[PDB]
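A.B. asks: curious how this folds, go ahead:
(chains A, B and C)
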Amino acid sequence: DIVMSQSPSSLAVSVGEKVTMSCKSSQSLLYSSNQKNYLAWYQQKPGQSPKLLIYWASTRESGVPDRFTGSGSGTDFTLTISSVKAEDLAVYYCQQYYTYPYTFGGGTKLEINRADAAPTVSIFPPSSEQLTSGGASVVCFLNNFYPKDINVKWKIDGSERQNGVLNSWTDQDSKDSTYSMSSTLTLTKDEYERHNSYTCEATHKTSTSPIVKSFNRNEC
Amino acid sequence: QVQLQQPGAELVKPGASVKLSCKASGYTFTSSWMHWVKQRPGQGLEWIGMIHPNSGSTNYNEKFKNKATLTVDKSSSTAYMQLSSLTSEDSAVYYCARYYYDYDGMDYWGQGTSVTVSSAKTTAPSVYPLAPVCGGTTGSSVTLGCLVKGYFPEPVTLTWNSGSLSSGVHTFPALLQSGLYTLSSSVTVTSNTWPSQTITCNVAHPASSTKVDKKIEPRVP
Amino acid sequence: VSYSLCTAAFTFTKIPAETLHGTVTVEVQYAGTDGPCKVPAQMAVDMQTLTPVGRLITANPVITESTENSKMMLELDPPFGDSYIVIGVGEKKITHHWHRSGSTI
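C.D. replies: Numbers count the residues shown, from 1 in each chain, chains lettered A, B, ... in the order given. Below is the structure:
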């Protein structure tokens, strides 16, 4: 089996930067009989299957923009993105096809540095449907913020509650490179109906002050 | 257009076997080798092997030659992969792929089947609409949500208006809690779109063969 | 004394032939007049990737002539089972299906 090594394992780049990623093999992928390099590059965006970008080390797949260029020969290969776009957020894999079994590098995860942004916050009381089943989830969305780190607290009638909270972050957005996160506080219906004020309170690097959305079970 | 249709999910007991399918269209199935590739969550890619549908010839990665068996049915343009003795490290997405390294055809990978190796049973989700807090808003846009609670195994497919609503969507990765997954999604639309136009969260859970279309309706006192 | 690849079109001059121990000899002719150049040759099982299989035995096959349609002999070691002989590069490369029995060693 041929060993494929990629570096760096991750890189943080800004939109518009020219990015170079390396791929090395344990033996030459240049077949002297046809002078072709048996090296392909794949792109895998979050939640998608891999997509072929480059084969023969430098031939672009149809429909791939020419900002992607493959270069190198023998044991040393590079993939270059001439001016990175937000949509290029992905893991990039090289793969030798000089011998069976085909083998892949460990990938380079491309992350995007962008300007800091505070989240837009939205809060959602339990649905009537869920309440009929006996449960009560309160949901808070913190949307389109950067950087990724964010602290979320739930306050019930002013008291912090951490038990029963699930917090999930998206991958970086393919259009604006921000993150979003959802926080779900799950109670029983009976516990939910024993309190009035429900508050999602977040703290993010953009401000020491809390990012808040609230509702009162009482009101409309 | 090349299409490789793979079932979304298979739940498999530890140490058991599973047979995955890959139905091909949009190109001559019999004249292209069909490849299979494994990807564990958060990890890289491993080439399993390939089969030539016209002849039945196979080439396996030796790591998989005992635990994988590739077959095809030409009459239905379907490739199959049986995997045996599944370990916890075989919980992974398995892709079929038409490798094509030439100018006159498209390389194409299917969406993959998510195989979960677990002794737990299948549980279909509850799908709850998340309408805005009771009242109104001074904005020109509104954010709506959908909560997909208590399912196993992954994945679910969630779309808004069957995929026709794609801008302004954020779908949050599922989280496992007490053996069941929960996922949520938010969508932001212009305030005059809804509710005069219907906004529906469409949730499919392949492992339970369930599909729910949940309209988001305004709250009342 | 390193020559570039022959990039013009090849044509088989007769059917490839199996030797006593299961290799294959392949005679071709070359339409180019741009010799000297090296004949591209390999075995493959997958024409959509050209991953080499078996071995090229005549590993430095040089067309020395610049007259058109000159002839050259190659030898390859096929894998067991089915494969393709592939001569030349680019859109005019030529292939020939081959089957080697497990007993032919």
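A.B. asks: name the residues of chain C found near chain A, please.
C.D. replies: C:5, C:40-42, C:49-53, C:56, C:59, C:89 (Cβ under 8 Å from any Cβ of the partner chain). All C-beta atoms are positioned from the backbone trio N, CA, C, and that covers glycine.
A.B. asks: taking those, please make a ChimeraX selection of just the buried ones.
C.D. replies: What follows is the ChimeraX syntax selecting those of the residues of chain C next to chain A that are buried according to 16 or more other Cβ atoms under 10 Å in any protein chain shown:
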select /C:5,40,41,42,49,50,51,52,53,56,89
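A.B. asks: what's in contact with the longest helix belonging to chain A?
C.D. replies: The residue-count maximum for a helix in chain A (DSSP state H) belongs to helix A:128-133. Contacts to helix A:128-133, defined as Cβ atoms under 8 Å, 6 or more residues apart in numbering or on different chains, come from residues A:136-137, A:189, A:192, B:126, B:128-129, B:147, B:149.
A.B. asks: any idea which of the residues of chain C next to chain A is the one closest to residue A:46?
C.D. replies: Using Cβ to Cβ, residue C:49 comes nearest to residue A:46 of those, at 27.6 Å.
A.B. asks: roughly how far does the closest one sit from residue B:105?
C.D. replies: 12 Å (Cβ to Cβ, to the nearest Å).
A.B. asks: cool, and residue B:22?
C.D. replies: Distance check for residue B:22 against residue B:105: by Cβ to Cβ, it reads 17 Å.
A.B. asks: and those two? Which one has more around it.
C.D. replies: Taking neighbours as other Cβ atoms under 10 Å in any protein chain shown, residue B:22 and residue B:105 compare with residue B:22 leading, 24 against 15.
A.B. asks: and the more buried one, that one's in a helix?
C.D. replies: No. Following the definition DSSP: H, G, I helix; E, B strand; the rest coil, residue B:22 is strand and is not counted among the residues of a helix.
A.B. asks: what about it, distance to chain C?
C.D. replies: For residue B:22, the distance to chain C (Cβ to the nearest Cβ, to the nearest Å) stands at 17 Å.
A.B. asks: so that residue makes contact with residue B:3?
C.D. replies: No. Using Cβ atoms under 8 Å, residue B:22 and residue B:3 do not qualify as a contacting pair, with a distance of 10.3 Å.
A.B. asks: what does chain B put close to chain C?
C.D. replies: Close to chain C, as judged by Cβ under 8 Å from any Cβ, chain B has residues B:32-33, B:50, B:52, B:55, B:57, B:59, B:99-102, B:105.
A.B. asks: contacting residues for residue C:89?
C.D. replies: Contact criterion Cβ under 8 Å, 6+ apart gives A:34-36, C:5, C:7, C:40 as the residues in contact with residue C:89.
A.B. asks: pull the most distant pair out of those.
C.D. replies: The distance between the two most remote of the contacts of residue C:89 (Cβ to Cβ) is 12.5 Å, for A:36 and C:7.
A.B. asks: which one's more surrounded, the two?
C.D. replies: Set residue A:36 next to residue C:7 and count neighbours by other Cβ under 10 Å: residue A:36 wins out with 23 against 14.
A.B. asks: what's that one sitting at in phi/psi?
C.D. replies: Here is the backbone geometry of residue A:36 (degrees, to the nearest 10): phi -110, psi 140.
A.B. asks: in chain C, what residue comes closest to chain A?
C.D. replies: Of all residues in chain C, residue C:40 sits closest to chain A, with a separation of 4.6 Å (Cβ to the nearest Cβ).
A.B. asks: if I look at residue C:99, how far off is chain B?
C.D. replies: The gap separating residue C:99 from chain B is 10 Å, by Cβ to the nearest Cβ.
A.B. asks: that residue contacts residue C:81, correct?
C.D. replies: Yes. Using Cβ under 8 Å, residue C:99 is in contact with residue C:81, at 7.0 Å.
A.B. asks: more crowded one of those two?
C.D. replies: Each of residue C:99 and residue C:81 has its neighbours counted (other Cβ under 10 Å); residue C:81 has more, 15 against 11.
A.B. asks: which residues touch the more buried one?
C.D. replies: Contacts were defined as Cβ under 8 Å, 6+ apart; by that measure residue C:81 touches B:57, C:99-100.
A.B. asks: show me the beta-bridge partners of it.
C.D. replies: Judged by DSSP bridges, the bridge partners of residue C:81 are residue C:100.
A.B. asks: try residue A:93
C.D. replies: residue A:42.
A.B. asks: please apply the same query to residue B:23.
C.D. replies: When assigned by DSSP bridges, residue B:23 has beta-bridge partners residue B:5, residue B:78.
A.B. asks: what's the neighbour count on it?
C.D. replies: Neighbours of residue B:23 under the rule other Cβ under 10 Å: 17.
A.B. asks: hang on, it packs against residue B:2?
C.D. replies: No. With contact defined as Cβ under 8 Å, residue B:23 does not count as touching residue B:2 (12.0 Å).
A.B. asks: for the residues of chain B next to chain C, which one is nearest residue A:199?
C.D. replies: Taking Cβ to Cβ as the measure, residue B:99 is the one of these closest to residue A:199, at 53.5 Å.
A.B. asks: which ones are touching the residue nearest to that closest one when sequence neighbours are not counted?
C.D. replies: With Cβ to Cβ, 6 or more residues apart in numbering or on different chains as the measure, residue B:35 is the residue that lies nearest to residue B:99, at 5.2 Å, once sequence neighbours are left out. Shown here is residue B:35, whose contacts under the criterion Cβ under 8 Å, 6+ apart are A:102, B:47-50, B:96-99.
A.B. asks: switch to 10 Å and redo it
C.D. replies: When contacts are counted by Cβ atoms under 10 Å, 6 or more residues apart in numbering or on different chains, residue B:35 touches A:102, B:47-51, B:59, B:70, B:79, B:95-99, B:109, C:46, C:49.
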